[PDB]
>>> print(open('start.txt').read())   # compact mmCIF, C-alpha atoms
# COMPACT_ATOMS: atom_id res chain seq x y z
CA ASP A 746 -37.72 -162.24 -137.80
CA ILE A 747 -38.22 -161.53 -134.11
CA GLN A 748 -37.25 -157.89 -134.69
CA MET A 749 -40.43 -157.56 -136.74
CA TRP A 750 -42.35 -158.52 -133.61
CA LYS A 751 -40.30 -155.95 -131.70
CA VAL A 752 -41.09 -153.08 -134.07
CA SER A 753 -44.73 -154.24 -134.12
CA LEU A 754 -45.04 -153.94 -130.33
CA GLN A 755 -43.21 -150.59 -130.34
CA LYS A 756 -45.34 -149.00 -133.07
CA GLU A 757 -48.47 -150.29 -131.33
CA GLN A 758 -47.45 -148.61 -128.07
CA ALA A 759 -46.74 -145.40 -130.01
CA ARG A 760 -50.15 -145.50 -131.72
CA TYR A 761 -51.74 -145.80 -128.29
CA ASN A 762 -49.78 -142.83 -126.94
CA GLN A 763 -51.16 -140.77 -129.83
CA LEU A 764 -54.66 -142.05 -129.03
CA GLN A 765 -54.26 -140.95 -125.41
CA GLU A 766 -52.96 -137.47 -126.21
CA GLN A 767 -55.68 -136.81 -128.78
CA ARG A 768 -58.28 -137.99 -126.26
CA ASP A 769 -56.95 -135.49 -123.72
CA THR A 770 -57.04 -132.69 -126.30
CA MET A 771 -60.67 -133.53 -127.05
CA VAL A 772 -61.28 -133.54 -123.28
CA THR A 773 -60.05 -129.99 -122.78
CA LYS A 774 -61.94 -128.87 -125.90
CA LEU A 775 -65.18 -130.29 -124.47
CA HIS A 776 -64.39 -128.51 -121.21
CA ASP B 746 -40.33 -170.21 -134.63
CA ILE B 747 -39.98 -167.67 -137.44
CA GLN B 748 -43.39 -168.55 -138.88
CA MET B 749 -44.68 -168.63 -135.31
CA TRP B 750 -43.12 -165.17 -135.08
CA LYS B 751 -45.22 -164.11 -138.09
CA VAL B 752 -48.22 -165.51 -136.20
CA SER B 753 -47.30 -163.37 -133.18
CA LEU B 754 -46.98 -160.37 -135.52
CA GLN B 755 -50.48 -160.75 -136.93
CA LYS B 756 -51.95 -161.46 -133.48
CA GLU B 757 -50.51 -158.22 -132.08
CA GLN B 758 -51.67 -156.31 -135.15
CA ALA B 759 -55.20 -157.69 -134.81
CA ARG B 760 -55.48 -156.91 -131.09
CA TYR B 761 -54.20 -153.36 -131.44
CA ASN B 762 -56.33 -152.58 -134.49
CA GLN B 763 -59.18 -153.93 -132.34
CA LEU B 764 -58.69 -151.46 -129.49
CA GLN B 765 -58.04 -148.70 -132.05
CA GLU B 766 -61.72 -148.64 -133.03
CA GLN B 767 -62.75 -148.39 -129.37
CA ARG B 768 -60.58 -145.30 -129.06
CA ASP B 769 -61.97 -143.85 -132.30
CA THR B 770 -65.58 -144.31 -131.19
CA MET B 771 -64.70 -142.52 -127.97
CA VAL B 772 -63.45 -139.71 -130.23
CA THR B 773 -66.71 -139.79 -132.19
CA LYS B 774 -68.79 -139.59 -129.00
CA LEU B 775 -66.87 -136.49 -127.97
CA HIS B 776 -67.35 -135.10 -131.50
CA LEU C 473 -57.20 -136.31 -116.11
CA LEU C 474 -60.59 -134.96 -117.22
CA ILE C 475 -63.60 -133.19 -115.80
CA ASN C 476 -65.29 -136.55 -115.26
CA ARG C 477 -68.20 -135.07 -113.32
CA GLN C 478 -70.94 -136.04 -115.80
CA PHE C 479 -69.60 -139.57 -116.20
CA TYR C 480 -68.11 -140.34 -112.79
CA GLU C 481 -68.92 -137.79 -110.09
CA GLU C 482 -72.20 -139.42 -109.00
CA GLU C 483 -70.64 -142.74 -108.01
CA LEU C 484 -67.32 -141.11 -107.13
CA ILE C 485 -68.40 -138.73 -104.36
CA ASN C 486 -70.34 -141.54 -102.68
CA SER C 487 -67.70 -144.27 -102.91
CA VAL C 488 -64.88 -141.90 -102.00
CA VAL C 489 -66.53 -140.39 -98.93
CA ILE C 490 -67.37 -143.96 -97.92
CA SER C 491 -63.71 -144.94 -98.25
CA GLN C 492 -62.54 -141.73 -96.54
CA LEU C 493 -64.89 -142.07 -93.55
CA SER C 494 -61.64 -142.73 -91.62
CA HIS C 495 -60.80 -139.01 -91.98
CA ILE C 496 -61.45 -137.85 -88.41
CA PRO C 497 -60.21 -140.95 -86.47
CA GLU C 498 -56.79 -141.08 -88.11
CA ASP C 499 -55.09 -137.93 -86.84
CA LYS C 500 -52.14 -137.45 -89.22
CA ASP C 501 -52.48 -133.76 -90.03
CA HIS C 502 -51.14 -134.02 -93.59
CA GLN C 503 -53.86 -136.21 -95.08
CA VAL C 504 -56.36 -134.26 -92.97
CA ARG C 505 -55.65 -131.01 -94.79
CA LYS C 506 -55.28 -133.01 -98.00
CA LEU C 507 -58.79 -134.46 -97.89
CA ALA C 508 -60.01 -131.06 -96.72
CA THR C 509 -58.69 -129.36 -99.86
CA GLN C 510 -59.87 -132.27 -102.00
CA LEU C 511 -63.46 -132.06 -100.80
CA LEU C 512 -63.35 -128.27 -101.12
CA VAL C 513 -62.22 -128.40 -104.75
CA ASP C 514 -64.63 -131.22 -105.61
CA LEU C 515 -67.45 -129.10 -104.18
CA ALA C 516 -66.29 -126.04 -106.12
CA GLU C 517 -67.93 -128.12 -108.86
CA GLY C 518 -70.21 -130.26 -106.72
CA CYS C 519 -73.64 -129.56 -108.19
CA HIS C 520 -74.70 -133.23 -108.06
CA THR C 521 -76.56 -132.39 -104.82
CA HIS C 522 -73.61 -133.90 -102.93
CA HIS C 523 -72.78 -130.94 -100.72
CA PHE C 524 -74.20 -133.34 -98.13
CA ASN C 525 -71.16 -135.61 -97.87
CA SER C 526 -68.58 -132.85 -98.31
CA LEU C 527 -70.00 -130.27 -95.92
CA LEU C 528 -70.98 -132.86 -93.32
CA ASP C 529 -67.41 -134.16 -93.32
CA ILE C 530 -66.26 -130.55 -93.06
CA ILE C 531 -68.43 -129.93 -90.00
CA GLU C 532 -66.96 -133.12 -88.56
CA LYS C 533 -63.55 -131.54 -89.16
CA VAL C 534 -64.29 -128.16 -87.60
CA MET C 535 -65.51 -129.57 -84.29
CA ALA C 536 -62.30 -131.57 -83.86
CA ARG C 537 -60.85 -128.95 -81.50
CA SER C 538 -59.61 -125.37 -81.55
CA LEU C 539 -57.40 -124.80 -78.45
CA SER C 540 -54.55 -126.78 -76.92
CA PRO C 541 -55.72 -129.13 -74.13
CA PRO C 542 -52.28 -129.69 -72.54
CA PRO C 543 -51.12 -126.62 -70.60
CA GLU C 544 -47.52 -127.76 -71.11
CA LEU C 545 -47.32 -127.67 -74.93
CA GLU C 546 -44.98 -124.67 -75.00
CA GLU C 547 -43.94 -125.06 -78.66
CA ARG C 548 -44.14 -128.79 -77.91
CA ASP C 549 -47.49 -129.74 -79.44
CA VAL C 550 -48.73 -126.34 -80.68
CA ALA C 551 -46.20 -126.89 -83.45
CA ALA C 552 -47.79 -130.21 -84.46
CA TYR C 553 -51.08 -129.30 -82.77
CA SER C 554 -51.15 -126.27 -85.06
CA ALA C 555 -50.07 -128.38 -88.03
CA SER C 556 -53.31 -130.24 -87.18
CA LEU C 557 -55.40 -127.07 -86.64
CA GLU C 558 -54.22 -125.61 -89.94
CA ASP C 559 -56.02 -128.51 -91.62
CA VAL C 560 -59.28 -126.97 -90.44
CA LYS C 561 -58.11 -123.42 -91.10
CA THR C 562 -57.53 -124.50 -94.71
CA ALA C 563 -60.93 -126.18 -94.70
CA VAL C 564 -62.38 -122.83 -93.60
CA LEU C 565 -60.52 -121.07 -96.42
CA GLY C 566 -62.05 -123.53 -98.87
CA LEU C 567 -65.47 -122.84 -97.40
CA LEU C 568 -64.85 -119.17 -98.13
CA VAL C 569 -63.91 -120.09 -101.70
CA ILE C 570 -66.88 -122.37 -102.34
CA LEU C 571 -69.25 -119.79 -100.86
CA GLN C 572 -67.79 -117.15 -103.17
CA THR C 573 -68.49 -119.58 -106.02
CA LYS C 574 -72.03 -120.32 -104.78
CA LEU C 575 -72.75 -116.61 -104.33
CA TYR C 576 -75.74 -117.46 -106.54
CA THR C 577 -76.87 -121.09 -106.85
CA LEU C 578 -79.75 -123.39 -105.99
CA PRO C 579 -78.16 -125.18 -102.98
CA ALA C 580 -76.91 -121.84 -101.67
CA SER C 581 -78.57 -122.92 -98.42
CA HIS C 582 -75.58 -125.25 -98.03
CA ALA C 583 -73.25 -122.25 -98.12
CA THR C 584 -75.51 -120.43 -95.66
CA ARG C 585 -75.64 -123.34 -93.24
CA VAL C 586 -71.92 -123.96 -93.41
CA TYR C 587 -71.61 -120.19 -93.28
CA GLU C 588 -73.57 -120.53 -90.06
CA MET C 589 -71.16 -123.32 -89.19
CA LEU C 590 -68.48 -120.69 -89.69
CA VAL C 591 -70.03 -118.17 -87.34
CA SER C 592 -70.90 -120.89 -84.86
CA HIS C 593 -67.39 -122.22 -85.28
CA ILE C 594 -66.39 -118.58 -84.87
CA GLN C 595 -68.74 -118.27 -81.89
CA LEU C 596 -67.04 -121.07 -79.97
CA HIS C 597 -63.84 -119.61 -81.41
CA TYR C 598 -64.28 -116.48 -79.33
CA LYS C 599 -66.02 -118.45 -76.57
CA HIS C 600 -62.93 -119.81 -74.82
CA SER C 601 -60.98 -116.55 -75.37
CA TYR C 602 -58.30 -118.44 -77.29
CA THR C 603 -54.55 -118.02 -76.74
CA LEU C 604 -53.25 -119.26 -80.10
CA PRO C 605 -51.77 -116.89 -82.70
CA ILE C 606 -52.75 -119.28 -85.49
CA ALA C 607 -56.34 -119.17 -84.24
CA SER C 608 -56.03 -115.38 -84.32
CA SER C 609 -54.93 -115.55 -87.95
CA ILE C 610 -57.96 -117.73 -88.67
CA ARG C 611 -60.07 -115.02 -87.06
CA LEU C 612 -58.36 -112.54 -89.38
CA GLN C 613 -59.23 -114.25 -92.65
>>> encode(input="start.txt", output="structure tokens")
Amino acid sequence: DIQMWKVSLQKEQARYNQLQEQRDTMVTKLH
Amino acid sequence: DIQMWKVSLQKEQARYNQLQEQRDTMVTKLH
Amino acid sequence: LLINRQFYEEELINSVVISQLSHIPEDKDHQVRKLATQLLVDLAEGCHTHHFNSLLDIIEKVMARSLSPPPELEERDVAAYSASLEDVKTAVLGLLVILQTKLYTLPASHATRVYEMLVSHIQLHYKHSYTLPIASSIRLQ
């Protein structure tokens, strides 16, 4: 079940992209 | 290695859920 | 990415001017005008009393030179020589901008003194009776 590890890593990266974009939105709102 | 693959799964999940809360407390500071 | 002034600007301005102290010695016009514009925009919001570093560097820029030393640079250097002098013309433009911004502010003195820099830079500008069209354009703006 190495593909489970693959999809784990991928979904983790995606979660962190969402974290980054929401952080930037909060940044411009604070501005 | 398949059970070791499960171990890798849960390790990745733990680490990424760990940094998730750091990002969310950044969000809360901005809030 | 952000307006990191509250969280970063204090240490930034210091460390970055320290690292960029090689501005004047290295004479590659591109990064000259680049750092010029960068300091100008970082002083557009530079209220952490750090007009010191920026405007001092700027004065260091303006007294680089204003007229071609070699009397043989017929389109030879004045091309690249003027690519070098436009660094400081852009710096001057940015001074105009930041002074417009600081029309009213506490360290408006800074503006004034670099304003004086301007006129003194303009004084020497008309001192030699320049023979550069780009210098004339600078006079215009």
>>> residues_around(input="start.txt", residues="residue 775 (chain A)", least_positions_apart="4", cutoff="9 Å", atoms="all atoms listed in the file", output="short mmCIF file (atom, residue, chain, number, x, y, z; two decimals) with C-alpha atoms, keeping the file's coordinate frame")
data_model
loop_
_atom_site.label_atom_id
_atom_site.label_comp_id
_atom_site.auth_asym_id
_atom_site.auth_seq_id
_atom_site.Cartn_x
_atom_site.Cartn_y
_atom_site.Cartn_z
CA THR A 770 -57.04 -132.69 -126.30
CA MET A 771 -60.67 -133.53 -127.05
CA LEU B 775 -66.87 -136.49 -127.97
CA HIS B 776 -67.35 -135.10 -131.50
#
>>> calpha_fit_and_write(input="start.txt", fixed="chain A", moving="chain B", output="compact mmCIF listing (two decimals) with C-alpha atoms, in the frame of the given file")
# COMPACT_ATOMS: atom_id res chain seq x y z
CA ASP B 746 -39.20 -162.24 -136.59
CA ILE B 747 -38.83 -161.77 -132.83
CA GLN B 748 -36.97 -158.48 -133.26
CA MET B 749 -39.48 -157.61 -135.97
CA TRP B 750 -42.06 -158.44 -133.30
CA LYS B 751 -40.40 -155.87 -131.01
CA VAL B 752 -40.69 -153.43 -133.93
CA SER B 753 -44.41 -154.20 -134.19
CA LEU B 754 -44.70 -153.66 -130.43
CA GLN B 755 -43.18 -150.18 -130.54
CA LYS B 756 -45.18 -149.26 -133.65
CA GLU B 757 -48.47 -150.14 -131.95
CA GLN B 758 -47.40 -148.30 -128.80
CA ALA B 759 -46.51 -145.18 -130.79
CA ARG B 760 -49.77 -145.14 -132.76
CA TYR B 761 -51.96 -145.62 -129.71
CA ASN B 762 -50.09 -143.07 -127.60
CA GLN B 763 -50.61 -140.79 -130.62
CA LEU B 764 -54.40 -141.06 -130.63
CA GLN B 765 -54.39 -140.86 -126.82
CA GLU B 766 -53.47 -137.17 -126.94
CA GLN B 767 -56.29 -136.49 -129.41
CA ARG B 768 -58.72 -138.01 -126.93
CA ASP B 769 -57.20 -136.02 -124.05
CA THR B 770 -57.49 -132.72 -125.91
CA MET B 771 -61.13 -133.54 -126.57
CA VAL B 772 -61.41 -133.95 -122.79
CA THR B 773 -59.70 -130.59 -122.26
CA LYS B 774 -62.07 -128.85 -124.69
CA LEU B 775 -65.02 -130.19 -122.74
CA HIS B 776 -63.31 -129.08 -119.51
>>> atom_distance(input="start.txt", atom1="CA of residue 554 (chain C)", atom2="CA of residue 587 (chain C)")
22.9 Å
>>> atom_distance(input="start.txt", atom1="CA of residue 758 (chain B)", atom2="CA of residue 757 (chain A)")
7.8 Å
>>> closest_atom_pairs(input="start.txt", of="chain C", to="chain A", cutoff="8 Å", atoms="only C-alpha atoms", output="Markdown table")
| residue | atom | partner | partner_atom | distance |
| --- | --- | --- | --- | --- |
| C:473 | CA | A:769 | CA | 7.7 |
| C:474 | CA | A:772 | CA | 6.3 |
| C:475 | CA | A:776 | CA | 7.2 |
>>> residues_around(input="start.txt", residues="residue 580 (chain C)", least_positions_apart="3", cutoff="12 Å", atoms="all atoms listed in the file", output="list in words")
residues 518, 519, 521, 523, 570, 571, 572, 573, 574, 575, 576, 577, 583, 584, 585, 586 and 587 of chain C
>>> write_last_selection(input="start.txt", atoms="C-alpha atoms", output="CSV table (one decimal), in the coordinates of the input")
chain,number,residue,atom,x,y,z
C,518,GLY,CA,-70.2,-130.3,-106.7
C,519,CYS,CA,-73.6,-129.6,-108.2
C,521,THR,CA,-76.6,-132.4,-104.8
C,523,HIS,CA,-72.8,-130.9,-100.7
C,570,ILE,CA,-66.9,-122.4,-102.3
C,571,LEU,CA,-69.2,-119.8,-100.9
C,572,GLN,CA,-67.8,-117.2,-103.2
C,573,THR,CA,-68.5,-119.6,-106.0
C,574,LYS,CA,-72.0,-120.3,-104.8
C,575,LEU,CA,-72.8,-116.6,-104.3
C,576,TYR,CA,-75.7,-117.5,-106.5
C,577,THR,CA,-76.9,-121.1,-106.8
C,583,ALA,CA,-73.2,-122.2,-98.1
C,584,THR,CA,-75.5,-120.4,-95.7
C,585,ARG,CA,-75.6,-123.3,-93.2
C,586,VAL,CA,-71.9,-124.0,-93.4
C,587,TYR,CA,-71.6,-120.2,-93.3
>>> atom_distance(input="start.txt", atom1="CA of residue 492 (chain C)", atom2="CA of residue 595 (chain C)")
28.3 Å
>>> residues_near_point(input="start.txt", point="(-63.0, -130.5, -80.5)", cutoff="12 Å", atoms="all atoms listed in the file", output="count of residues only")
18
>>> closest_residue(input="start.txt", among="C:608, C:562, C:592, C:601", to="residue 501 (chain C)", atoms="all atoms listed in the file")
C:562
>>> closest_residue(input="start.txt", among="B:749, B:764, B:754, B:759", to="chain A", atoms="all atoms listed in the file")
B:754
>>> closest_residue(input="start.txt", among="B:747, B:766, B:760, B:752", to="chain A", atoms="all atoms listed in the file")
B:747
>>> closest_residue(input="start.txt", among="B:763, B:756, B:750, B:774", to="chain A", atoms="all atoms listed in the file")
B:750
